[PDB]
Enquirer: 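Please see the structure below; I have some questions.
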Amino acid sequence: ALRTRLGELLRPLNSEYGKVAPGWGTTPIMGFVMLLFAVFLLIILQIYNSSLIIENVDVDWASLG
Amino acid sequence: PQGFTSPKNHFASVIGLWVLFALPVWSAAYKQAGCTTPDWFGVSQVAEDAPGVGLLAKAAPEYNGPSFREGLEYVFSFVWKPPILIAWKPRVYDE
Amino acid sequence: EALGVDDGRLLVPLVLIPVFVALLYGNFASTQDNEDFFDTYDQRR
Amino acid sequence: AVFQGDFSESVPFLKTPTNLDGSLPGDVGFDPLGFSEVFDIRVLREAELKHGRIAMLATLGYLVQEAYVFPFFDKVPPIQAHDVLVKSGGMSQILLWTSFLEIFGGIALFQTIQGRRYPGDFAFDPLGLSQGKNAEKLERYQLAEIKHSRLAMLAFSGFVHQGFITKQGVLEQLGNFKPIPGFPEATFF
Amino acid sequence: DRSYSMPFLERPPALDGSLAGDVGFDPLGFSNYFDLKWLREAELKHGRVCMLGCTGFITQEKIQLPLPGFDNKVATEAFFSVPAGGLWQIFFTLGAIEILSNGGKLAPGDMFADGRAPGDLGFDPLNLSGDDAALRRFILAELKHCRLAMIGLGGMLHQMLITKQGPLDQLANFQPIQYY
Amino acid sequence: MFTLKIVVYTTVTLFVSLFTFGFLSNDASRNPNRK
Amino acid sequence: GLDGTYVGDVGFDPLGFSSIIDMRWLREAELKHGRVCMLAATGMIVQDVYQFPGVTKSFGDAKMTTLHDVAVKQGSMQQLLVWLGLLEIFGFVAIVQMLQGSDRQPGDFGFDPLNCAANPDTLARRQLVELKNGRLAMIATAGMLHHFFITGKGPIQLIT
Ligand code: CLA
Ligand code: CLA
Ligand code: CLA
Ligand code: KC2
Ligand code: KC2
Ligand SMILES: CC1=C(C#C/C(C)=C/C=C/C(C)=C/C=C/C=C(C)/C=C/C=C(\C)C#CC2=C(C)C[C@@H](O)CC2(C)C)C(C)(C)C[C@H](O)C1
Ligand SMILES: CC1=CCCC(C)(C)[C@H]1/C=C/C(C)=C/C=C/C(C)=C/C=C/C=C(C)/C=C/C=C(C)/C=C/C1=C(C)CCCC1(C)C
């Protein structure tokens, strides 16, 4: 295996292979953020679908000017 | 009058000969007496224990340390890897 | 017109670059054994 | 030095300059910034005398040139004459012969540096002044020469500078003495 | 244990009292990764270059040589007015002083190879560095003047670039930045 | 036009200086029979 | 850094100047400022009361600083700088000789024409007087000038 300056520079970034946090780690935080992301995606989808009308918003070409 | 017959060039030649003779005559006079007088030494009104005064004059540390390239890499690491974010650091292996 | 130098700024590269390299060469030059060799070429390097 | 201390005669406050000893003529001990320490005193003495001997002739000349002019030359204020003679080439003749004498002199300075001749002695005593019969007089004369020289160099300097401000010749300034132009008349504010 | 200059930080290891002008201010620690002799030679050389330069900016404004184009009061403007060839002749003369002064050993590795405590290019015409105590205190002065001059020249150059006025003149007839 | 000229002058001067000082660096010693 | 030997030592160095600068220099300086200030104060007061014979016409009524701006044009000030500078170069030699080991005590130029300090004891009393008058003079001169800046008035005139 060749040793290089860039290889030694970036070696600690590729050093902790397989290192894991115990048990469920930060899974509830990930689930909460995923739930928020799902709600955000639903909001933006229903705005484009026109099933949701935010005030001051006009999903239309005529809104360009 | 032009060139080697111009009086201005004669004056310049005399000045140049004076400059050329300045080194032997006055260098020899300095060699005979070259401020080698026991009373001849500099004086400063500042106290010798003032901050910033070195312990020994004309210090030459050995510097058995890193090379110049490592220093340049350190100066570059100032701008691509400063110690700013290592202060905030978070606190097994899967089989 | 002397080197095609119509703008004085053209003389900053024509001098600084040869000097800087020479400075790199001066370190090579100071490292060499510079006593005279009675030979066709100097093998000391 | 009101507090008692060993010190130089001319200036009470300063110590006698080192390597400055009574032996050279006209030593009152004044070398406040040592120059003697930086360069050899004998080489410096040769200079004081050369400048002085040049100066003593120049003080006489600036005064004589005012009163009289050789007939062939025109009478002009002396500083003007140098310009006239330089165009004439008279000054080159003075420069050439003075340089030739100086080249012999420059060899003698080298001997002065390497022991050999005492500073400023060209052995020019054609007349019998300070002759072996008069040899006693030489020490005294030496003092006069440095003193006249020190004074002449100050005097010429003075005549030329005073002359430039006054625009008035030195003999004339003596007999008619006026303030630098405009001072009695001018009000700064 | 603690730098004098920066009490919070630690004394840079390399800095001990021996070099002059050492109040411990090497916060970024260049000292650890370069030769102090190289660094000092630069602290001195930039200052000596900007002791001549700072005096230069002030003198040029008050008095200018008789030759043509040496007449621009502003230093920055003058660089362009003066004949270009003359500026190169100065460059080269200075360049020779470099090689002769350093004896041709002109690089980080070799300059200090023989003696040459940093900055001892030998110019002590009036011996004033004979007393040691005197030398130790004069050396602080040079560094303190070198360090001030560096800051001063930068200020004068930048302030002239905005004002198109020499340092003394700008202080007279000072105008706020918006006017320029 | 001036900027292209100054870039070309910089590049040519750099390469010519490298050539000149490289052949000044005891090029004859860079042979396999050198001891 | 402050010890009893210097005359005038009441022990007052709050900012510790003595620690960084040779006392011999500091003293030579205090006397030199004092000797100048005493003369300056005297002059500013004298100038209001009397003027030399032709002076009023050339300079008119300008006083204090204003006179200086007018005086420089006369060149009276220059002669003063050139001559005072010539004395000062000897003074630089004197400080240098003193800083180099030398006999002269700070502030001694050897001017005692009337032989007033011939008694050793009387000299000490006079030395204290000289620092004290000088310290006062400097305070006064600064005051007269500042008073001038603000009131545009000469000090005797301000009293008038
Ligand atoms: C002794 C050698 C010698 C000779 C040949 C010359 C020749 C000359 N000098 Mg003189 N000069 C000399 C020495 C000499 N100089 C010295 C030692 C000094 C003092 C440093 C000067 C100072 C001097 C000045 C200040 C000027 C000249 C000028 C001149 C030129 C004009 C001639 C002239 O006036 O018309 C002919 C001369 C006369 C009519 C005058 C009468 C001369 C008589 C008849 C001759 C006497 C003998 C003669 C002096 C030769 C002496 C040496 C001999 C005994 C072996 C001429 C080239 C002038 C010049 O440059 O031209 C404008 C000028 O202004 N010279
Ligand atoms: C023929 C011309 C010539 C030659 C051969 C030399 C030779 C030398 N000079 Mg130079 N010099 C010359 C002319 C010359 N001088 C002239 C005319 C001047 C102006 C008066 C200088 C000013 C000068 C200074 C100020 C210094 C030298 C130094 C040196 C020595 C090291 C050279 C080296 O490695 O630099 C090779 C070139 C470089 C390394 C490039 C320069 C580095 C850049 C400019 C630094 C930029 C820093 C940056 C702006 C700050 C960061 C800001 C932040 C916000 C990021 C060497 C003996 C140095 C020395 O002795 O060091 C101990 C030194 O400090 N010289
Ligand atoms: C400039 C005038 C001056 C100078 C050089 C001195 C110097 C000295 N005094 Mg004196 N003193 C002065 C004015 C001065 N004094 C005045 C006006 C008073 C009356 C309030 C006194 C009252 C006094 C007493 C009662 C005593 C001294 C003592 C001393 C000695 C030790 C004090 C010390 O270390 O601080 C040195 C003093 C200074 C550095 C002055 C600092 C003034 C300000 C704060 C400086 C600010 C910076 C400045 C404005 C920058 C511009 C400078 C520029 C013009 C070059 C020292 C010889 C003591 C003594 O005899 O010890 C032997 C002692 O007991 N002094
Ligand atoms: C201290 C650095 C320095 C040194 C060591 C040095 C030595 C010599 C020597 C060798 C002994 C000669 C023979 C020589 C000759 C000339 N120098 Mg000089 N010279 C130096 C500095 C400057 C500057 C700053 C200028 C200058 C000039 C000229 C001109 C005018 C050309 C013309 O007539 O137009 C001529 C002939 C000016 C210039 O070149 O302007 C175009 C000008 O600005 N030099 N110079
Ligand atoms: C040594 C004592 C002394 C000093 C220190 C001194 C200083 C100055 C200064 C310094 C700042 C200026 C600028 C100045 C100016 C004039 N002085 Mg004066 N002067 C002094 C003494 C005398 C005497 C004895 C006379 C005199 C005169 C004039 C005239 C004449 C023309 C005029 O009145 O317009 C003018 C311009 C003569 C005169 O005519 O006085 C009415 C005259 O006899 N001064 N004087
Ligand atoms: C030492 C000693 C002895 C001796 C001796 C002697 C007798 C020495 C005498 C020395 C003297 C008199 C020196 C005079 C200096 C005068 C000066 C420098 C004036 C400068 C004027 C200036 C700066 C100005 C100005 C300006 C002003 C005011 C305003 C402007 O608008 C105009 C202007 C430009 C004019 C001797 C040889 C006997 C023996 C001994 O072995 C040792
Ligand atoms: C100009 C241009 C035209 C003319 C000719 C040209 C060649 C074309 C060219 C010339 C160019 C060159 C000469 C221009 C380049 C010029 C100058 C010499 C650069 C000066 C920079 C000063 C810096 C900003 C300093 C800040 C000082 C710090 C804050 C002090 C910090 C301090 C330390 C850290 C801590 C303690 C206290 C404090 C005070 C806090």
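Atoms considered below: every heavy atom in the structure, side chains included; atoms not considered: hydrogens, waters and symmetry mates. Atoms within a ligand are numbered from 1 in the order they appear, just like the ligands themselves. Each chain gets a letter, A, B and so on, in the order its sequence line appears, and its residues count up from 1.
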Enquirer: Give a yes or no on whether atom 8 (C) of ligand 5 lies under 4.0 Å from any heavy atom of the protein.
Expert: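 Flag for atom 8 (C) of ligand 5 set to true, protein heavy atom closer than 4.0 Å.
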Enquirer: Are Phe111(G) and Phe13(D) close enough that their ring centers fall under 6.0 Å?
Expert: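 No, too far apart.
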Enquirer: Quick one: look up the protein heavy atom nearest atom 25 (C) of ligand 1 and list residue, atom name and how far away it is.
Expert: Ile94(D) CG1, 3.5 Å
Enquirer: Protein non-hydrogen atoms only, distance under 4.0 Å: does atom 38 (C) of ligand 1 have such a neighbour?
Expert: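 Given the 4.0 Å cut-off, atom 38 (C) of ligand 1 does not count as touching protein heavy atoms.
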Enquirer: With the threshold set at 4.0 Å, does a side-chain nitrogen-carboxylate oxygen contact exist between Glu185(D) and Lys57(G)?
Expert: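 Looking at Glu185(D) and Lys57(G), the cut-off is not met.
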Enquirer: Give the atom numbers and elements of ligand 6 that come within less than 4.0 Å of a heavy atom of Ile180(D).
Expert: 35 (C)
Enquirer: When the aromatic ring centroids of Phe159(D) and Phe164(D) are compared, is their separation below 6.0 Å?
Expert: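 No; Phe164(D) has its ring centre 6.0 Å or more from that of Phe159(D).
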Enquirer: In terms of atom number and element, which parts of ligand 6 are under 4.0 angstrom from non-hydrogen atoms of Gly75(G)?
Expert: 28 (C), 29 (C)
Enquirer: What is the closest protein heavy atom to atom 3 (C) of ligand 1, and at what distance does it sit?
Expert: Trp97(D) CZ2, 3.6 Å
Enquirer: Hey, is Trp83(G) touching ligand 6 through its side chain, its backbone, both or neither, going by heavy atoms under 4.0 Å?
Expert: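 Side chain only; the backbone of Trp83(G) stays clear of ligand 6.
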Enquirer: Specify whether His146(G) and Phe149(G) have parallel, tilted or perpendicular ring planes, treating 30° as the upper limit for parallel and 60° as the lower limit for perpendicular.
Expert: perpendicular
Enquirer: Rounded at 0.5 Å granularity, tell me how far OG1 in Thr98(D) sits from CD in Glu102(D).
Expert: 8.5 Å
Enquirer: Could you tell me whether atom 16 (C) of ligand 1 has at least one protein heavy atom nearer than 4.0 Å?
Expert: yes
Enquirer: Short check: is a protein heavy atom less than 4.0 Å from atom 53 (C) of ligand 1?
Expert: no
Enquirer: Would you mind checking if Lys15(D) and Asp103(G) are paired as a salt bridge, meaning a charged N to carboxylate O distance below 4.0 Å?
Expert: no
Enquirer: Would you say atom 49 (C) of ligand 1 has a protein heavy atom nearer than 4.0 Å?
Expert: no
Enquirer: Tell me: protein heavy atom nearest atom 59 (C) of ligand 1, and distance?
Expert: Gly90(D) CA, 3.7 Å
Enquirer: For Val82(G), take its heavy atoms, then give the atoms of ligand 6 lying under 4.0 Å from any of them.
Expert: 22 (C), 23 (C)
Enquirer: N/O to N/O below 3.5 Å, does that happen between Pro184(D) and ligand 5?
Expert: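 Indeed, backbone or side chain, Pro184(D) has an N or O that close.
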Enquirer: Does the protein put any heavy atom within less than 4.0 Å of atom 20 (C) of ligand 1?
Expert: yes
Enquirer: Answer side chain, backbone, both or neither: which part of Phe72(D) comes under 4.0 Å from ligand 1, heavy atoms only.
Expert: neither
Enquirer: Identify, for atom 10 (C) of ligand 5, the protein heavy atom at the shortest distance, and state residue, atom and that distance.
Expert: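 Of every protein heavy atom, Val55(G) CG2, 4.0 Å lies nearest to atom 10 (C) of ligand 5.
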Enquirer: For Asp121(D) versus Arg117(D), what's the shortest heavy-atom pair and its separation?
Expert: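 Closest heavy-atom pair between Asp121(D) and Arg117(D): N-NH2, 3.0 Å.
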Enquirer: Would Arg104(G) and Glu28(G) count as a salt bridge (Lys or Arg N to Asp or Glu O under 4.0 Å) here? Give the steps.
Expert: CA-CA 11 Å; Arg104(G) 181 285 179 179; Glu28(G) 177 60 299; 2.5 Å; yes
Enquirer: Could you establish whether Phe188(D) and ligand 5 come within less than 4.0 Å of each other, counting only heavy atoms on the residue side?
Expert: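 No; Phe188(D) lies far enough from ligand 5 that no heavy-atom distance drops under 4.0 Å.
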Enquirer: Are any non-hydrogen side-chain atoms of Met98(G) and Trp25(G) less than 4.5 angstrom apart?
Expert: no
Enquirer: What part of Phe183(D) sits under 4.0 Å from ligand 5 if we count only heavy atoms: the side chain, the backbone, both or neither?
Expert: backbone
Enquirer: Compare every heavy atom of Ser36(D) with every heavy atom of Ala33(B), then report the nearest pair and how far apart it is.
Expert: CB-O, 3.7 Å
Enquirer: What part of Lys147(D), side chain from CB on, backbone N/CA/C/O, both or neither, has a heavy atom under 4.0 Å from ligand 6?
Expert: both
Enquirer: Show me which atoms of ligand 1 lie under 4.0 Å from any heavy atom of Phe73(D).
Expert: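 Checking each atom against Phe73(D), I get 64 (O).
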Enquirer: Is there at least one protein heavy-atom neighbour under 4.0 Å from atom 41 (C) of ligand 1?
Expert: no
Enquirer: For residues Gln162(D) and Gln173(D), determine if any side-chain heavy atom of one lies less than 4.5 Å from a side-chain heavy atom of the other.
Expert: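 In short, these two side chains touch, coming nearer than 4.5 Å.
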Enquirer: Can you check atom 1 (C) of ligand 5: any protein non-hydrogen atom closer than 4.0 Å?
Expert: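 No, because not a single protein heavy atom sits under 4.0 Å from atom 1 (C) of ligand 5.
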Enquirer: Is atom CZ of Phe35(D) surrounded by more than 12 heavy atoms (other residues, nucleotides or ligands) closer than 6.0 Å?
Expert: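 Counting neighbours around CZ of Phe35(D), 12 or fewer heavy atoms of other residues, nucleotides or ligands fall under 6.0 Å, so no.
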Enquirer: Only one of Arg140(D), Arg53(D), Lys50(D) forms a salt bridge (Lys or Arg N to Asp or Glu O under 4.0 Å) with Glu145(D), so which one is it?
Expert: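 Output: one option passes, namely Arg53(D).
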Enquirer: Any chance you could measure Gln157(G), atom CD, to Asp48(G), atom CG, to the nearest 0.5 Å?
Expert: 5.5 Å
Enquirer: I need the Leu33(D) CG to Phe90(G) CZ distance, nearest 0.5 Å.
Expert: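 Output value for this atom pair is 7.5 Å.
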Enquirer: Would you say atom 7 (C) of ligand 1 touches the protein, meaning some protein heavy atom is under 4.0 Å from it?
Expert: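 Flag for atom 7 (C) of ligand 1 set to true, protein heavy atom closer than 4.0 Å.
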Enquirer: Using a 4.0 Å heavy-atom cut-off, say whether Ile165(D) meets ligand 6 through its side chain, its backbone, both or neither.
Expert: neither
Enquirer: Classify the contact between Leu86(G) and ligand 6 as side chain, backbone, both or neither, using a heavy-atom distance cut-off of under 4.0 Å.
Expert: neither
Enquirer: Report the distance from atom CG of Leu49(D) to atom CZ of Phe122(D), rounding to the nearest 0.5 Å.
Expert: 8.5 Å
Enquirer: If you scan the protein for heavy atoms around atom 43 (O) of ligand 5, do you find one that is closer than 4.0 Å?
Expert: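 No, there is no protein heavy atom closer to it than 4.0 Å.
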Enquirer: Side-chain contact, heavy-atom cut-off 4.5 Å: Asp74(D) with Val69(D)?
Expert: no
Enquirer: Provide, to 0.1 Å, the distance between atom 28 (C) of ligand 1 and the closest protein heavy atom, together with that atom's residue and name.
Expert: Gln93(D) CG, 3.5 Å
Enquirer: Which of the numbered atoms in ligand 5 are below 4.0 angstrom from a heavy atom of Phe59(G)?
Expert: 11 (C), 13 (C)
Enquirer: What protein heavy atom lies closest to atom 62 (C) of ligand 1? Include the residue and the distance to one decimal.
Expert: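 For this ligand atom, the closest protein heavy atom is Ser88(D) OG, 3.0 Å.
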Enquirer: If we only count N/O pairs under 3.5 Å, is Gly89(D) in contact with ligand 1?
Expert: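 Yes - when backbone and side-chain N and O of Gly89(D) are compared with those of ligand 1, one distance drops under 3.5 Å.
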Enquirer: Would you say the ring centroid of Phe110(D) lies under 6.0 angstrom from that of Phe21(B)?
Expert: yes
Enquirer: Can you find an N/O atom of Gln79(G) closer than 3.5 Å to an N/O atom of ligand 6?
Expert: no
Enquirer: From atom 23 (C) of ligand 1, is the closest protein heavy-atom distance below 4.0 Å?
Expert: yes
Enquirer: Tell me: protein heavy atom nearest atom 30 (C) of ligand 6, and distance?
Expert: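 In this structure, atom 30 (C) of ligand 6 has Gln78(G) OE1, 3.8 Å as its nearest protein heavy atom.
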